[PDB]
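*Asks:* The structure follows.
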Amino acid sequence: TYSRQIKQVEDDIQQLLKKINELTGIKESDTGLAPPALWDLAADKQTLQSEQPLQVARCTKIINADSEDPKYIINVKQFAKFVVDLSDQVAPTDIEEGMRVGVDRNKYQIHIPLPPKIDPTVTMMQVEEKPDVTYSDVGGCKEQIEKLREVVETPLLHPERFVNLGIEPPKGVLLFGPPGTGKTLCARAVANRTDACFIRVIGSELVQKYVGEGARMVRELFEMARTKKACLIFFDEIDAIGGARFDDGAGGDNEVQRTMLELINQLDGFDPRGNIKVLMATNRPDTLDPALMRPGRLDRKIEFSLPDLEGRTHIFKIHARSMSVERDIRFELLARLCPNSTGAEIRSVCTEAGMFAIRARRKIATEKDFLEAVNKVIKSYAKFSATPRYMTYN
Amino acid sequence: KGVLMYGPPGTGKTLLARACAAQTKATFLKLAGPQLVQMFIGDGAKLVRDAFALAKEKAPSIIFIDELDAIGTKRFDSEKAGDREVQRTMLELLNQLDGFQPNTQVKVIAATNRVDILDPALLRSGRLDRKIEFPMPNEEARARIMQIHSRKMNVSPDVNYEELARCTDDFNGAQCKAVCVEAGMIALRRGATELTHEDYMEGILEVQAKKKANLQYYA
Amino acid sequence: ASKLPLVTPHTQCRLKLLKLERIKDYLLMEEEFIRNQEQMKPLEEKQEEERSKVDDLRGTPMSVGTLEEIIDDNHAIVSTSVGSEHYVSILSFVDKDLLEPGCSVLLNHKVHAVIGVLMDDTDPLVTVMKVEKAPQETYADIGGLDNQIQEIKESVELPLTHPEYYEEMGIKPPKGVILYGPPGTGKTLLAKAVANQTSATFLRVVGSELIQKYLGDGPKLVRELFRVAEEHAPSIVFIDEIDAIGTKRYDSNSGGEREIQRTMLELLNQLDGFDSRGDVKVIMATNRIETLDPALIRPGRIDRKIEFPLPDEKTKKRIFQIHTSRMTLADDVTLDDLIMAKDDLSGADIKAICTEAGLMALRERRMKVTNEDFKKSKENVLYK
Ligand SMILES: Nc1ncnc2c1ncn2[C@@H]1O[C@H](COP(=O)(O)OP(=O)(O)OP(=O)(O)O)[C@@H](O)[C@H]1O
Ligand SMILES: Nc1ncnc2c1ncn2[C@@H]1O[C@H](COP(=O)(O)OP(=O)(O)OP(=O)(O)O)[C@@H](O)[C@H]1O
Ligand SMILES: Nc1ncnc2c1ncn2[C@@H]1O[C@H](COP(=O)(O)OP(=O)(O)O)[C@@H](O)[C@H]1O
Ligand SMILES: [Mg+2]
Ligand SMILES: [Mg+2]
Ligand SMILES: [Mg+2]
Numbered sequence: 040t041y042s043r044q045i046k047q048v049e050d051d052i053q054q055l056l057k058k059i060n061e062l063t064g065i066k067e068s069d070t071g072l073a074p075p076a077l078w079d080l081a082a083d084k085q086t087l088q089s090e091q092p093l094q095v096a097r098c099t100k101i102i103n104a105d106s107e108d109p110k111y112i113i114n115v116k117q118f119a120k121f122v123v124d125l126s127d128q129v130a131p132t133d134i135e136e137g138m139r140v141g142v143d144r145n146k147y148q149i150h151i152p153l154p155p156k157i158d159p160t161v162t163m164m165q166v167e168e169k170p171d172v173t174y175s176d177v178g179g180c181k182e183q184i185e186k187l188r189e190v191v192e193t194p195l196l197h198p199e200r201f202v203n204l205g206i207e208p209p210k211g212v213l214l215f216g217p218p219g220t221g222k223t224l225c226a227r228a229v230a231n232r233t234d235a236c237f238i239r240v241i242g243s244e245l246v247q248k249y250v251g252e253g254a255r256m257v258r259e260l261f262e263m264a265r266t267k268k269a270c271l272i273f274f275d276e277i278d279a280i281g282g283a284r285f286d287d288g289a290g291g292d293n294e295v296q297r298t299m300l301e302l303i304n305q306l307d308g309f310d311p312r313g314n315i316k317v318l319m320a321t322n323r324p325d326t327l328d329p330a331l332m333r334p335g336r337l338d339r340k341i342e343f344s345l346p347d348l349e350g351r352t353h354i355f356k357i358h359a360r361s362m363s364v365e366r367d368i369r370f371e372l373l374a375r376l377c378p379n380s381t382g383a384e385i386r387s388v389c390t391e392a393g394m395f396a397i398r399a400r401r402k403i404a405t406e407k408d409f410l411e412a413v414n415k416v417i418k419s420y421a422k423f424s425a426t427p428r429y430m431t432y433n
Numbered sequence: 221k222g223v224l225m226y227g228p229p230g231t232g233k234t235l236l237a238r239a240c241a242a243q244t245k246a247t248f249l250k251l252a253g254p255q256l257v258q259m260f261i262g263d264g265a266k267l268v269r270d271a272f273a274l275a276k277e278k279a280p281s282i283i284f285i286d287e288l289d290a291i292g293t294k295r296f297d298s299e300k301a302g303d304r305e306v307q308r309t310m311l312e313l314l315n316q317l318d319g320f321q322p323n324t325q326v327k328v329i330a331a332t333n334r335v336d337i338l339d340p341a342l343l344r345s346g347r348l349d350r351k352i353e354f355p356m357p358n359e360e361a362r363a364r365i366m367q368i369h370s371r372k373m374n375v376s377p378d379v380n381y382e383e384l385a386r387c388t389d390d391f392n393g394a395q396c397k398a399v400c401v402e403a404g405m406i407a408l409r410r411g412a413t414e415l416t417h418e419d420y421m422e423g424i425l426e427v428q429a430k431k432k433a434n435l436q437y438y439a
Numbered sequence: 046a047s048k049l050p051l052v053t054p055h056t057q058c059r060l061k062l063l064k065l066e067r068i069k070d071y072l073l074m075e076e077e078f079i080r081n082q083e084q085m086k087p088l089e090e091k092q093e094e095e096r097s098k099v100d101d102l103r104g105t106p107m108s109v110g111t112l113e114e115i116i117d118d119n120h121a122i123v124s125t126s127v128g129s130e131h132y133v134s135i136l137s138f139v140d141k142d143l144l145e146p147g148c149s150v151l152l153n154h155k156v157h158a159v160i161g162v163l164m165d166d167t168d169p170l171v172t173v174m175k176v177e178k179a180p181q182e183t184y185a186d187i188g189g190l191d192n193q194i195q196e197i198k199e200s201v202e203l204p205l206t207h208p209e210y211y212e213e214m215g216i217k218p219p220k221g222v223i224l225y226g227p228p229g230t231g232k233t234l235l236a237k238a239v240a241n242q243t244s245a246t247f248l249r250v251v252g253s254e255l256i257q258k259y260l261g262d263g264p265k266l267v268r269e270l271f272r273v274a275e276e277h278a279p280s281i282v283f284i285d286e287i288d289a290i291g292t293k294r295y296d297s298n299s300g301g302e303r304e305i306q307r308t309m310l311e312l313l314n315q316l317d318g319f320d321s322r323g324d325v326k327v328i329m330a331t332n333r334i335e336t337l338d339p340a341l342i343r344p345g346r347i348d349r350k351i352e353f354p355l356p357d358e359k360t361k362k363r364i365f366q367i368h369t370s371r372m373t374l375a376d377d378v379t380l381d382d383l384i385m386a387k388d389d390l391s392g393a394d395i396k397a398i399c400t401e402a403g404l405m406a407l408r409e410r411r412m413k414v415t416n417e418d419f420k421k422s423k424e425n426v427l428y429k
């Protein structure tokens, strides 16, 4: 009944919100200013305290010290090199050589040491955040998980069963099979459960534009990794980063091989990486280099084969546990109809047959809705199939 | 002046170089292969002559170069394309080692695993003198190698290393070391504390990396 | 601003009357409280006095710098415009949330301290790849397919407009769509109809322009393409003629075939990486389907595979009806003689005849198109 009466009493109080919030100060949509009722801490005091007593302290880089005296040799970006001194506020302990320090603009003396440069394209490839894939989603390949999981996390979660027995456990592992088998999926489950830094690297990010540029990114990776206590490096699609050394005539693919040699040097020999565990995952391993396939770098060699029969029946129970189905369907009949099929196809069977239920009207799939999806995915897309020239890995 | 070690990659080449760094009390100085490759021109060239001037200063000093085929790739004539800058760091490493103004104060240890890649200008006789090769272990060394890495493990006296060296053919010093670590982990699965002979034989099947396909229809 | 998101009665109820009269009380009490601040503590205007205090703090020369790190106790290392970088402090009116490494900032002139941040002027490649307006007419312009028109709405349009049908089924929509067939059958034409209909941002790139001239510049362009696609919205990425990345070799590319391959490995990542993908649909189109890598066409990266046939002789008659709709067609012509002229004429051949026959009319200043226009049209278009 009171059709306008609720409306205009709604409208003015929705306006009376804005009409006084303009009288407080959030307005003047800025080009980089703050909320005005938030900066009141530095409004009178620290405006004249963080500015007028505090100075700029231009940052530099130290070449070396010398004996008998401080007399530090310093360096800046393009300008000259000076001979400098400390302040009183810092000890001469942590002014070690090759270290960035802040330096005043007048006397040129050292104020404070700095953290080193991180080369920010290496900073982005730290994962910081965990996916939602659990080992309960990697069904069908239980023995491959167990032989993997005893290398990555059991020395980290229990570093006493290995020490007191007196064995140094393996450090590297590669994961290889046909595509769509579950290689990248199983690596997501490791980053889910772990606790150390998980630094991922995709092998097509180390190809650079200059000469020797890509080999320096391999160092800055392992520089920040040795600072951490335990860390887990993930290499994906490493058939890009190096296959083999084959140089003939005109030197071709020479530049990528220097990046691959620097990676080999950071894994073995001469005061080693310590507590860093690597994890590669390739698609065709026949191209890879024999000096990289050597144990001590890539100890475990987990195979991801195609599921046999009970591997397949368990995958249907994963990708169709959460969908409206007829109760009386059997999955064991379906797994006999897909002889050499990947786990990726079995998911696409389940997602296709739900669409047939959405095609006409209905709300739950039937047994024949699966069979209409089997011959379309398996036997009608069989021209592509992606597998049979990858079982031979060529 | 100048030695060269070469061979298959698991035969132990770093292992002598880490041995000699612990024996002589001189200035040991180590290098990576692709460390002498820089974006700006002349920086890789300047980086070489700084090293042989620093080892000139410490008059007892030996210098080590690992994975020399990063820079020592054979030169080639090509139009329209081709790297040149990496040849500059090599052509000074030829000269700064041997040629004009020689010296006998530093010794060079070089380690590669492939030799046919290399430019013959650095295999001449005087730049790299003694070219020693590291073959794969024949039979008796494989008994000796896995005896070394089985030192810290609780091994029962049921082991025949002459048998274990003989059921491991075509391995190298890395793979023989890799058997001792894998057999030391299979016993942790079954809860045993000592090592038996069958733990090593199961460790060999993991290092060989066989493919399991339903094959019991022979014989 | 975002004061209350509840609207759910949607009637003349007392509850909608009561809720907003509660909010009427919370507003006026907030008003009358903050009214008493300037009554008892006038002390400034607060409209410009705190503003001009800031504006007299920050100098009239305002240099623009560049972040490269942040230390959280309001001082960070910033880069000057020259290259000599400093270690200045950060203010409190600086709203410390829009500070990423590489973001443009505002420094002081004297002590170079971080005053403000600057909005970015981006980008001369985002606006290259972003389709601004809707291209052309609707799905009614196509005619004759009717089986795969349903298929593309099934994967793109219906997941966006009706997000209820998949939830009641408990399913996720199919990921990738590829379109293949003989040349000129309407592959690019259907993607215009999707760009007509959708509300998502639509990104288009030819497969030929993925290849570059510098090393590593190719895979860098793929990484920043899917960067742009994710950072907007639900979005559609359309990649046209992706066989052209592999068939043609160009001497501008310094790396040979083993740089094309590293480009394809990066694209092979971006479709099914382990990173959380988000809401980005991918449409791909080609005519040489047997050439490209089957590792890229596996289910998981591309789910639906749609074939286009050559037009049938009753669907050809539909196409002549479409492209001769708004033209003053003289009654001399018979369209059925034009249908079986070529046994396998595409849909592109029909529009090529219909436009060129109109051009023959303007040579003689006419307004209608006769039969001998079409007689000399197919001699000009087809037979050469
Ligand atoms: N055993 C499995 N159980 C459940 N899902 C699986 C399984 N194997 C694969 N999948 C499906 O495969 C997809 C991930 O495939 P993944 O990326 O691991 O392929 P891959 O083995 O890495 O090959 P590629 O490198 O070509 O991607 C996921 O959608 C996942 O649902
Ligand atoms: N079935 C059709 N219905 C309506 N118009 C069509 C049809 N087929 C082709 N055309 C006309 O042909 C022109 C070109 O079509 P389009 O380029 O989409 O074919 P294509 O297969 O994408 O070509 P290409 O193989 O060269 O990419 C369009 O402008 C359209 O007007
Ligand atoms: N007696 C031995 N003979 C050969 N190799 C050994 C011996 N003892 C240990 N090793 C293994 O050889 C490895 C040395 O690596 P190495 O073959 O020098 O690499 P590369 O030759 O590729 O630089 C060590 O990891 C060590 O485990
Ligand atoms: Mg993968
Ligand atoms: Mg070595
Ligand atoms: Mg087209």
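Chains as they are written, first to last, in the deposited numbering: chain A, 40 to 433; chain F, 221 to 439; chain B, 46 to 429. We put the CB at the ideal spot given by N, CA and C, even for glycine.
(1) Cβ-heavy atom distance between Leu234 of chain B and ligand 7 below 6 angstroms?
(2) Going along chain A, which residues have a C-beta under 7 angstroms from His154 of chain B?
(3) What I want to know is whether the C-beta of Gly252 of chain B ends up closer than 6 angstroms to one or more non-hydrogen atoms of ligand 2.
(4) Listing by chain order, which chain A residues have their CB less than 9 angstroms from the CB of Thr234 of chain F?
(5) Apart from the five residues on each side of it in sequence, which residues of its chain come closer than 8 angstroms, Cβ to Cβ, to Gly147 of chain B?
(6) Just reading off the alpha helix (DSSP H) that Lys232 of chain B is part of, what are its end residues?
(7) Quick check: does the Cβ of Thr231 of chain F come within less than 6 angstroms of any heavy atom belonging to ligand 3?
(8) Is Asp328 of chain A closer than 7 angstroms to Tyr432 of chain A when the C-beta atoms are compared?
(9) At a cut of 8 angstroms, does the segment 130-142 of chain B reach the segment 85-100 of chain A through at least three beta carbon pairs?
(10) Is there a Cβ from chain A that is less than 7 angstroms from the Cβ of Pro229 of chain F?
(11) Could you check how far apart the C-beta atoms of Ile365 of chain F and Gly393 of chain F are, in whole angstroms? I think they sit under 8 angstroms.
(12) Helix, strand or coil for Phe78 of chain B, going by three-state DSSP, please let me know.
(13) Does the separation of the CB atoms of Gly291 of chain B and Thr336 of chain B fall below 7 angstroms?
(14) Tell me the rounded alpha-carbon separation between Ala425 of chain A and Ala226 of chain A.
(15) Determine the direct distance from the alpha carbon of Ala412 of chain A to that of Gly290 of chain A, and round the result to whole angstroms.
(16) Along the alpha helix (DSSP H) that carries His353 of chain A, what are the first and last residues, could you check?
(17) Give a yes or no on whether 7 angstroms exceeds the smallest Cβ distance from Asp292 of chain A to chain B.
(18) How do the segment 257-271 of chain B and the segment 314-326 of chain B stand: do at least 3 beta-carbon pairs fall below 8 angstroms, yes or no?
(19) If you drop the 5 nearest sequence neighbours on each side, which residues of the same chain put their C-beta closer than 6 angstroms to that of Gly253 of chain A?
(20) Along chain A, in chain order, which residues have C-beta atoms closer than 8 angstroms to that of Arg238 of chain F?
(21) Here's the rule I'm using: 16 or more other beta-carbon atoms within 10 Å means buried, otherwise exposed. How should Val317 of chain A be labelled?
(22) Does the beta carbon of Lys222 of chain A fall short of 6 angstroms from some heavy atom of ligand 1?
(23) Measure the CB-CB distance between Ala230 of chain A and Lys169 of chain A and report whether it falls below 7 angstroms.
(24) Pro354 of chain B to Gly211 of chain A, Cα distance in whole Å?
(25) Which residues have their C-beta within less than 5 angstroms of a heavy atom of ligand 5, listed in chain order?
(26) Which residue or residues does DSSP assign as beta-bridge partners of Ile352 of chain F?
(27) Considering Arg386 of chain F, what are the terminal residues of the alpha helix (DSSP H) in which it resides?
(28) Could you compute how far the alpha carbon of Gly221 of chain A sits from the alpha carbon of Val177 of chain A?
(29) Taking the alpha carbon of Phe320 of chain F as the reference point, which residue from F:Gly346, F:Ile261 and F:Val399 has its own alpha carbon closest?
(30) Output yes or no for whether 7 angstroms exceeds the beta carbon distance between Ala407 of chain F and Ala385 of chain F.
*Replies:* On the basis of the supplied data:
(1) This structure does not include ligand 7; its bound ligands are ligand 1, ligand 2, ligand 3, ligand 4, ligand 5 and ligand 6.
(2) The premise fails here: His154 of chain B is roughly 11 angstroms from chain A at the closest Cβ pair, so nothing lies under 7 angstroms.
(3) no
(4) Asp307, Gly308 and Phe309
(5) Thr111, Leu112 and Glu113
(6) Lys232 to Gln242
(7) yes
(8) no
(9) yes
(10) yes
(11) 6 angstroms
(12) helix
(13) yes
(14) 22 angstroms
(15) 51 angstroms
(16) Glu349 to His358
(17) yes
(18) yes
(19) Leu245, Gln247 and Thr298
(20) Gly308 and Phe309
(21) buried
(22) yes
(23) yes
(24) 51 angstroms
(25) A:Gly308, F:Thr234 and F:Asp286
(26) F:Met225
(27) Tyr381 to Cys387
(28) 7 angstroms
(29) F:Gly346
(30) no
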